[PDB]
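We just call them A, B, C, D, E, F and G in the order they show up, numbering each chain from 1.
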């Protein structure tokens, strides 16, 4: 690396010194991808070594073993792990790939070519070559489309993916006839982000999940071909700033939106994030608390339909703002929650009082109580539930962990997008170092008053 | 076009940052097709021994291409529904041991019962192959009538180039231009090396799994984690790690 | 059979440690990469051989 | 029912529209602004 | 309440279209310096 | 040549000759914030009582219904609604909309859009004036804090009724309930934020003291000491060195802040990063990450629980917990 | 929508649309109303929905009138999922009785002039006697809030302070009505029904109803108003 006297960047901005050095920049990326897959493999091996089989997966502080378990690699018809060898294989393969990628990144960072155009014109690129940048973007889009179609192939033909909505309490279900309806998929992408709709978190079945994955993979492949075989239009040239920093800022804004959205998936979704592996969501364990007390107090003999709590609304059953019958407690905010242990109990008009009186399954009875106990409360130093509890149980929900961390990372990356977008605009305009002091723009403007 | 495969600045078996340009042996200077500078053992010795072994490499390459096609295609037809009766390559000889005979499937109008026995097939194969292998060294062929040139005489193989004889062996031409001829030579030697690797893979996979390569690829595409080298080396299964 | 697997994995761990220590040392040394090519290639080949050996021996152990 | 509501909340309505007139005015407003921008681009 | 929704939708669509097409209309070129 | 409608519209919006810069971010900042201002003022003056807890129990909040400036507030949306997007047209009538807390959703949504477009407008004016653009990056910290307390905390808890009430006593109520249910004082991010505002006050006092101390006689006991020269000269003579000299001699002379750019960068970054930390602490507690729980954490050799200052904080926290929304709870423990 | 087509829709198809508050109607039935031969018959799935909420407004000049009002609560009033027994005879005498189910709904309505009127729309413990054209009776009306309900300043019924604490000089006259009493005595309301549009082959009745019940007194602070509730009622009849 250089010093500050030749590059103009201090040590705390050292990665800027390799903005125009394509070979070293590539080495930084390859070593970084090695770091990411190294964390994947190492954390997978750590969670496998720290695995107790009889305990549920969410009570052990495991964040990515549920990610493999959602794919159905070694889970049973109730979330039972049975075997952890797929997890071990995944961790070992990630670690070996980390060794390979780290060797490549270190090689290009240290003794790789300094700049790529003078020796490898296919990999050489300048930031102002819009055709070359769109070529690289098309390559990565084709790669991402193949990655999405890999999950599609696994769900369709390799007998995987765990359906939590399967009768009996979820099961690894091979998916046949995914819903590839364009109106349906675009309806999920354009619906409201609020409670009634949920925008994109509210996808509730693997058929729609795999249909959307088919759509995103085909669209990514077609767009990759399109960017390889095209050049950006003049309106795009006039609208965008074409520099390596501006491209980074675009990526930063996109990945910050992705981080916020993934935080929302973690907190609310229970289909792509099954509760048997991730623990209860926000709405459930509260809906579960309202359900367990209803089924307890009707076993003791009290009429739950009479209800009439301290405010005259209902201790167990009440009416939502829309005429559907919902749970009577304060958990009338989570009245739109849908769970595998709720839907067979739920009908068109409401919660089906006749079903609440007669048809309640023991698996639902066990699941709701065990969800009520393991709420997504928890404190940051472990300990138990609400902030006023005592040192009794060691549990914090993985949904809470990777919702809080992902929101923090998304906000930081939005801040970084602001920083890099502003600096890219200032560098393209020529005043990223300061005001010119002999022709400043303010003295060329009329005073306000 | 041609600079990528010939000359000092050609594609080597290791990249520039992993292999210096003066580390190539002096007898591999990018004058032959498929020159990647790959010779870690002292087998090439000099340029004339390299040229002499090139004949063995090219003959083995063409035979390996014909091989790889002859293993993959009939087994795939037999597994997909054709009446092949012995499509698997390591057991096709056992179907003619006593009185059996292989059915020939000339697509699309296939399924024909050949009546030649094993003794007649072996005799005619040895006779024809000895004749062609003796003609290859001697460079003499009596008759003609090839699509390359109408009814060529016997005095046309003389004066030709061995290991690459044009004329009667080139019905479609497309090789008189030297640059595309050299590029196609590189294509041929690379396809031949791929075919050699493939047929060695076919033999080793057959010995390991007990089935043909088409069965191997179909079962692997059906379940890659449930059927691979790791699975076939393991046996039946293992106790789950709980 | 698992004893051979454990010895191979321990050898893989030591070879990987030697590689992690020495590859930046070989690369960033003044004209050291052009003369340590043989030892670095041998170390990488031994590492890949050990990875493949542990993988193969997993099926038998 | 003692009162009248549109009851369009929920149900995953595209862009929140419950009648075709809302989509039509959205498309018309976007088309009008786009037409003005297109015929008045490049500072004429 | 339907015509209120129509009016609000028209207003929001108008202002969002102004935002989008104004940032499309040569926005990086509005600088006092070169480029 | 700016003879077309969109050309003159762009040249007027982009123009820096306006008294207040509008810009393409201002074309959204102005109407949303004007709508929020109008609805907030009208609701604060004369809004009918709002049932916040969803238990048919309305809080007054508005001056015309009998309270003052300190205890007057625009009340968050009804608990029965949740975070369900309740605008005027989704209500049967304006009376129902006002009973169910719709003004809060309107004002909060418009305020969020307005502060986002305010960051964008700050960047836009910095770009049009040839400045460096990270003033918006500095402003992203109060925007993050307001956004986290107004929308992200309701998203985490499941209802806009968890939003901070638009008022003073409502702010105190939200803060006390937040203490009871999350132990915010026992959160390192909140500790960082408190240290950030305290250090920001410290550093503002230090910077003002060192600049106003380091002067020369240009303004006497009268309004100005212009006897040497009147207005209209470029002779800068304030001070450059003695401020850093005094700050060095104050403690140990090696805390080098002689670079004015480094000093001002520190002044900018310290409260901004600490407010970022405390805003993200609020955002994490929105998903019930809570504070440090050292309650009954000290036990003796016989295992008997020894009391602690953390235990006294726990007693105060659960005293707050049993008194919050005393009529809203039916089931024993409280889960978001 | 009838009951047959209500069961034919999924929960997601009727969520957020207000159909779940509607009562099912009878389409293929007859208006003869005299098709019910036997008695002691045990009706089920009785459900009621109002169509108007009018509040009795006694002025201070001496005449009686009801006024149209505006609802503040959303579609959370309404009666569903409750059963009972009906003893209908051959001559036409009808003995109505409702025992259990979701037989109440807390409703807040706004008078003209901006006065909040909360009430508990109840039909619980209702016995109805009369013919097919009109049978009426009385039903129990709970207060509104339970005995553990706490007002703004503690106080409450069963639980609380029983005085306004943040005023040390208290517990005297003009406050006993607000502090000491805190009455939760149940009231009674009278409703009149009517049967029309009966289905014979499956037993369905869906007529209209008119109910009069007292409003909420909070905890006895102010005297109750009277709420007139008119609307449709439906019940499966098996």
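The rule is simple: contacts are C-beta pairs under 8 Å (C-beta built on N, C-alpha and C of every residue); 3 or more make two chains touch, one makes a residue touch a chain.
Which chain is which protein? Per UniProt: A = Photosystem II CP43 reaction center protein; B = Chlorophyll a-b binding protein, chloroplastic; C = Photosystem II reaction center protein Z; E = Photosystem II reaction center protein I; F = Photosystem II protein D1.
Chemist: Please indicate the chain closest to the centre of the assembly, with centres calculated from CA atoms only.
Modeler: Chain A is the most central one.
Chemist: Roughly how far is chain A from chain B, centre to centre by C-alpha average, rounded to an integer in Å?
Modeler: The mean C-alpha positions of chain A and chain B differ by 49 Å.
Chemist: Just curious, how far off is chain D from chain B if you go by their C-alpha centres, in Å?
Modeler: Distance between chain centres: 66 Å.
Chemist: Where the CA atoms of chain D average out and where those of chain E average out, how many Å apart are those spots?
Modeler: Here the centre of chain E sits 14 Å away from the centre of chain D.
Chemist: List the centre-to-centre spacing of chain C and chain G in whole Å, with centres computed as mean CA coordinates.
Modeler: Roughly 81 Å, centre to centre.
Chemist: Could you check chain A for residues that touch two or more other chains and list them?
Modeler: Residues 107, 111, 192, 196, 309-313, 320-322, 336, 425, 429, 431, 436, 441 of chain A touch two or more partner chains.
Chemist: Where does chain G touch two or more other chains at once, residue-wise?
Modeler: Correct list: 15-18, 21-22, 70-71, 74-77, 106, 149.
Chemist: Could you list the positions in chain F (Photosystem II protein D1) whose residues touch two or more of the other chains?
Modeler: Answer for chain F (Photosystem II protein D1), listing residues that touch two or more other chains: 6, 56, 80, 84-85, 89-93, 96, 100, 127, 129-130, 327.
Chemist: Go ahead and list every pair of chains that touch.
Modeler: According to the stated criterion, the contacting chain pairs are A-B, A-C, A-D, A-E, A-F, A-G, B-C, D-E, D-F, D-G, E-F, F-G.
Chemist: So in the complex, the part of chain D that touches chain G is made up of which residues?
Modeler: Touching chain G: residues 1-3, 5, 7, 9-11 of chain D.
Chemist: Name, in rising order, each residue of chain D that touches chain A in their complex.
Modeler: Within the complex, chain D touches chain A at residues 7, 9-16.
Chemist: Quick check: in the complex, which residue numbers of chain D touch chain F (Photosystem II protein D1)?
Modeler: 3-6, 8-9, 36-37, 39-41, 43-44
Chemist: In the complex of these two chains, what residues of chain F (Photosystem II protein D1) are touching chain D?
Modeler: On the chain F (Photosystem II protein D1) side, the touching residues are 1-7, 84-86, 89-93, 96.
Chemist: Given the complex with chain G, which residues does chain A contribute to the contact?
Modeler: Within the complex, chain A touches chain G at residues 196, 303, 305-313, 317-325, 336, 343, 346-350, 353-354.
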